[PDB]
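Participant: Please see the structure below; I have some questions.
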Amino acid sequence: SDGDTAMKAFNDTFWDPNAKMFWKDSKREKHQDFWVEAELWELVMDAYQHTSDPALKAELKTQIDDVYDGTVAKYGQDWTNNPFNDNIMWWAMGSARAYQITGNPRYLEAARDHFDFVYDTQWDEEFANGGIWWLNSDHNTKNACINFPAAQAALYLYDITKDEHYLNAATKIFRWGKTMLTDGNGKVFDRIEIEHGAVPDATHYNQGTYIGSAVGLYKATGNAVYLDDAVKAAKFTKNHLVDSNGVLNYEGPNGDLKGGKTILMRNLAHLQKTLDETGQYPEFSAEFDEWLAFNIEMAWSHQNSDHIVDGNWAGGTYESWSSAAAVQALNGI
Ligand SMILES: *[C@]1(OC[C@H]2O[C@@H](O)[C@@H](O)[C@@H](O)[C@@H]2O)O[C@H](CO[C@H]2O[C@H](CO[C@H]3O[C@H](CO[C@H]4O[C@H](CO)[C@@H](O)[C@H](O)[C@@H]4O)[C@@H](O)[C@H](O)[C@@H]3O)[C@@H](O)[C@H](O)[C@@H]2O)[C@@H](O)[C@H](O)[C@@H]1O
């Protein structure tokens with residue numbers, strides 16, 4: 001019941017049923033940012049997939065549609081006017097998942113049209129020998145936060161359509177990103193800036209989307225190297241993006257990063273499921289499971305009386321992005 005309790009509390013605190021959007025914080029003065037709203041959309045989907053309560057499941061399934069509808073009312077159906085390719089791709093990825101859950105073809109169309117806009121027009125072979133640009137306005141940097149989500153979105157589209165076009169895209173994007181945006185041992189770099197080079201700053205959400213795309217490529221291709229890729233990035237996270245007690249770091253004050261544990265936990269759950277199914281990396285699997293469970297318990301021990309957990313997991317206004325990670329964590333496998 002913990003996942004159910006956490007999701008219900010999150011909705012009670014942050015869901016606006018009038019605007020069909022999440023509030024940015026408990027003051028209820030501003031709705032959540034566009035890109036983060038896609039991530040909260042995926043949280044609703046994860047809760048939907050996790051719960052065993054048929055009543056809550058039906059409510060969450062409806063909410064999947066309402067989140068899309070509330071966003072389209074404010075931002076339109078065509079997001080290609082947004083200069084941030086990642087903003088577009090986070091929504092394309094969400095849309096692909098919403099299709100999988102609802103079977104509603106509008107989500108497949110949203111996913112495919114937006115993925116195609118970004119991949120077909122924003123991939124470049126010249127700078128850095130490959131990669132998708134962060135922006136469709138100015139072309140100055142190629143970033144983990146667009147490239148690995150794009151590989152994930154391609155993998156969802158492959159699974160849905162069976163069109164090898166999308167597997168080929170995922171393979172190509174990931175190969176480039178592994179080569180140019182990692183150290184080869186699981187540290188994912190933030191971006192490569194033209195006239196500068198790589199910026200080797202690691203963050204939770206970029207570890208996460210790298211891990212998720214690697215797991216998805218493992219499953220689609222049968223090539224064990226991808227599982228090894230995922231494990232190295234999980235190990236790096238567990239050892240190097242934690243405090244002295246092994247609790248995942250707080251990445252504030254940056255507003256985009258503060259909630260990044262949400263994306264990380266979503267993707268660590270994918271790795272956990274694949275390790276459990278396959279029996280591969282059994283020693284690491286045991287250590288990883290124990291460490292995940294520890295993080296989750298520590299986070300939830302800081303819940304307030306309304307069952308909301310601030311995103312500083314080691315320690316009056318609660319924010320929906322920062323608070324989402326603890327909810328995500330209870331709505332995994
Ligand atoms: C996309 O959203 C764009 C914009 O949309 C607006 O509507 C609104 O929602 C805004 O809030 C959105 O920004 O772009 C997001 C931002 O991407 C850029 O910025 C992030 C964060 O950059 C910072 O952090 C990195 C990483 O390292 C730093 O933090 C770590 C961890 O704490 C430290 O260890 C390290 O020392 C360092 O301090 C850093 O490299 C940057 O210089 C900067 O300090 C980057 O991660 C991106 O690559 C972009 O530069 C993005 O988060 C989303 O994808 C969103 O869709």
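Here, A, B, ... name the chains of the structure tokens in the order displayed, residue numbers run from 1 inside each chain, and ligands are numbered from 1 in the same displayed order.
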List all protein, DNA and RNA residues that have any atom at most 10 Å from ligand 1, counting only C-alpha atoms and all ligand atoms, and write the list as a ChimeraX atom specification.

Facilitator: /A:32-39,82-91,134-135,141-147,149,189-193,198-206,240-241,249-260

Participant: Based on the selection just made, write C-alpha atoms of those residues as an mmCIF file, in the first residue's frame.

Facilitator:
```cif
data_model
loop_
_atom_site.group_PDB
_atom_site.id
_atom_site.type_symbol
_atom_site.label_atom_id
_atom_site.label_comp_id
_atom_site.auth_asym_id
_atom_site.auth_seq_id
_atom_site.Cartn_x
_atom_site.Cartn_y
_atom_site.Cartn_z
ATOM 1 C CA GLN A 32 4.452 22.903 -13.125
ATOM 2 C CA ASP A 33 6.905 23.598 -15.952
ATOM 3 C CA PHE A 34 6.179 21.981 -19.339
ATOM 4 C CA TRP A 35 9.014 19.428 -19.355
ATOM 5 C CA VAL A 36 8.631 18.449 -15.743
ATOM 6 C CA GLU A 37 4.902 17.890 -16.340
ATOM 7 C CA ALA A 38 5.834 15.061 -18.779
ATOM 8 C CA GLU A 39 7.811 13.495 -15.950
ATOM 9 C CA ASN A 82 9.264 24.879 -28.489
ATOM 10 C CA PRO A 83 12.954 25.688 -29.053
ATOM 11 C CA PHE A 84 14.109 22.990 -26.594
ATOM 12 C CA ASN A 85 14.415 19.628 -28.347
ATOM 13 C CA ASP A 86 14.493 17.936 -24.953
ATOM 14 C CA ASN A 87 11.187 19.546 -23.916
ATOM 15 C CA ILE A 88 9.722 18.005 -27.089
ATOM 16 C CA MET A 89 11.357 14.614 -26.530
ATOM 17 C CA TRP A 90 10.287 14.261 -22.897
ATOM 18 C CA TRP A 91 6.690 14.662 -24.147
ATOM 19 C CA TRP A 134 19.847 20.562 -27.373
ATOM 20 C CA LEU A 135 17.909 23.359 -29.157
ATOM 21 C CA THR A 141 25.569 22.067 -27.686
ATOM 22 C CA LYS A 142 24.604 18.378 -27.814
ATOM 23 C CA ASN A 143 23.414 17.080 -24.460
ATOM 24 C CA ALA A 144 22.722 13.874 -22.540
ATOM 25 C CA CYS A 145 19.281 15.247 -21.597
ATOM 26 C CA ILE A 146 18.148 15.108 -25.234
ATOM 27 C CA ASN A 147 20.211 12.197 -26.616
ATOM 28 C CA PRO A 149 15.756 10.331 -23.824
ATOM 29 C CA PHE A 189 28.705 13.629 -19.128
ATOM 30 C CA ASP A 190 26.286 16.547 -19.311
ATOM 31 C CA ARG A 191 26.975 17.814 -22.813
ATOM 32 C CA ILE A 192 29.483 18.772 -25.486
ATOM 33 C CA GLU A 193 29.732 22.483 -26.254
ATOM 34 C CA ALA A 198 32.857 17.921 -23.232
ATOM 35 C CA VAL A 199 31.476 19.116 -19.897
ATOM 36 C CA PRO A 200 31.943 16.031 -17.672
ATOM 37 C CA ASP A 201 29.405 16.965 -14.998
ATOM 38 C CA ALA A 202 27.274 13.958 -13.937
ATOM 39 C CA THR A 203 23.702 14.149 -12.650
ATOM 40 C CA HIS A 204 21.000 11.759 -11.538
ATOM 41 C CA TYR A 205 18.666 12.245 -14.486
ATOM 42 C CA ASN A 206 21.380 11.653 -17.102
ATOM 43 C CA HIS A 240 29.665 8.594 -6.750
ATOM 44 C CA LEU A 241 26.315 10.426 -6.697
ATOM 45 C CA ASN A 249 22.511 13.400 -3.352
ATOM 46 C CA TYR A 250 20.436 16.527 -3.355
ATOM 47 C CA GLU A 251 21.021 18.413 -6.593
ATOM 48 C CA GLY A 252 19.493 21.796 -5.716
ATOM 49 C CA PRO A 253 19.358 24.661 -5.967
ATOM 50 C CA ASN A 254 18.922 24.237 -9.733
ATOM 51 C CA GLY A 255 15.189 23.827 -10.349
ATOM 52 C CA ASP A 256 15.551 21.355 -13.196
ATOM 53 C CA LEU A 257 17.965 19.109 -11.257
ATOM 54 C CA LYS A 258 16.250 19.190 -7.871
ATOM 55 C CA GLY A 259 13.727 16.530 -8.873
ATOM 56 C CA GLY A 260 16.099 14.409 -10.989
#
```

Participant: Please identify the helix (DSSP H, G or I) residues within stretch 220-264 of chain A (assignment by DSSP from backbone atoms) and present them as a PyMOL selection string.

Facilitator: chain A and resi 220-221+224-240+255-258+261-264

Participant: From the options A:324, A:329, A:227, A:47, which residue's atoms come nearest to residue A:10, counting only C-alpha atoms?

Facilitator: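 Comparing A:324, A:329, A:227, A:47 against residue A:10, the winner is A:324.
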
Participant: Taking into account only C-alpha atoms, which residue in the set A:314, A:278, A:162, A:242 is nearest to residue A:301?

Facilitator: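 When distances to residue A:301 are compared using only C-alpha atoms, the smallest one comes from A:314.
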
Participant: At a cut-off of 8 Å, using only C-alpha atoms, what residues contact residue A:295? Leave out same-chain residues fewer than 3 positions from it and give the result as an NGL selection string.

Facilitator: :A and (246-248 or 291-292 or 298-299)

Participant: Those residues you just picked out, can you put them in a file as a compact mmCIF listing (two decimals), in the first residue's frame with N, CA, C and O atoms?

Facilitator:
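That gives us again-v1.txt:
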```txt
# COMPACT_ATOMS: atom_id res chain seq x y z
N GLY A 246 25.60 6.85 1.68
CA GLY A 246 25.06 6.18 0.51
C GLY A 246 23.68 6.61 0.09
O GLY A 246 23.10 5.97 -0.78
N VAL A 247 23.16 7.71 0.68
CA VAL A 247 21.88 8.26 0.25
C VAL A 247 22.12 9.14 -0.98
O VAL A 247 23.00 9.98 -0.97
N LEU A 248 21.31 8.93 -2.01
CA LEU A 248 21.42 9.76 -3.21
C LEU A 248 21.44 11.24 -2.86
O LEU A 248 20.70 11.72 -2.01
N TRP A 291 20.71 -1.43 -1.43
CA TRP A 291 21.00 0.00 -1.47
C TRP A 291 19.76 0.80 -1.87
O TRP A 291 19.48 1.85 -1.29
N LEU A 292 19.02 0.30 -2.86
CA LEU A 292 17.76 0.92 -3.25
C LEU A 292 16.77 0.94 -2.09
O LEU A 292 16.14 1.96 -1.79
N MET A 298 15.03 5.61 3.96
CA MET A 298 15.53 6.86 4.51
C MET A 298 14.67 8.02 4.01
O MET A 298 14.27 8.90 4.79
N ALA A 299 14.36 8.03 2.72
CA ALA A 299 13.52 9.08 2.16
C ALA A 299 12.18 9.15 2.87
O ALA A 299 11.75 10.23 3.33
```

Participant: What is the distance, in Å and to one decimal place, between atom CA of residue A:121 and atom CA of residue A:139?

Facilitator: 11.8 Å

Participant: When distances are computed from only C-alpha atoms, which of A:112, A:208, A:179, A:281 shows the smallest separation from residue A:166?

Facilitator: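 When distances to residue A:166 are compared using only C-alpha atoms, the smallest one comes from A:112.
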
Participant: Which neighbours of residue A:164 fall inside 12 Å, counting only C-alpha atoms, when residues of the same chain fewer than 5 positions from it are skipped, and could you give them as a PyMOL selection string?

Facilitator: chain A and resi 154-159+169-171+220-221

Participant: Restrict the selected residues to C-alpha atoms and save them as a PDB file, in the first residue's frame.

Facilitator:
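part-v6.pdb written:
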```
ATOM      1  CA  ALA A 154      12.953   5.353 -30.178  1.00  0.00           C
ATOM      2  CA  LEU A 155      12.966   2.087 -28.214  1.00  0.00           C
ATOM      3  CA  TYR A 156       9.349   2.601 -27.116  1.00  0.00           C
ATOM      4  CA  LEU A 157       8.416   3.394 -30.737  1.00  0.00           C
ATOM      5  CA  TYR A 158      10.230   0.267 -31.925  1.00  0.00           C
ATOM      6  CA  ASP A 159       8.370  -1.878 -29.388  1.00  0.00           C
ATOM      7  CA  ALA A 169      17.786   5.192 -34.495  1.00  0.00           C
ATOM      8  CA  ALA A 170      18.112   3.990 -30.902  1.00  0.00           C
ATOM      9  CA  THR A 171      21.260   2.029 -31.694  1.00  0.00           C
ATOM     10  CA  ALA A 220      15.693  -5.342 -28.099  1.00  0.00           C
ATOM     11  CA  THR A 221      19.004  -6.646 -29.414  1.00  0.00           C
TER      12      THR A 221
END
```
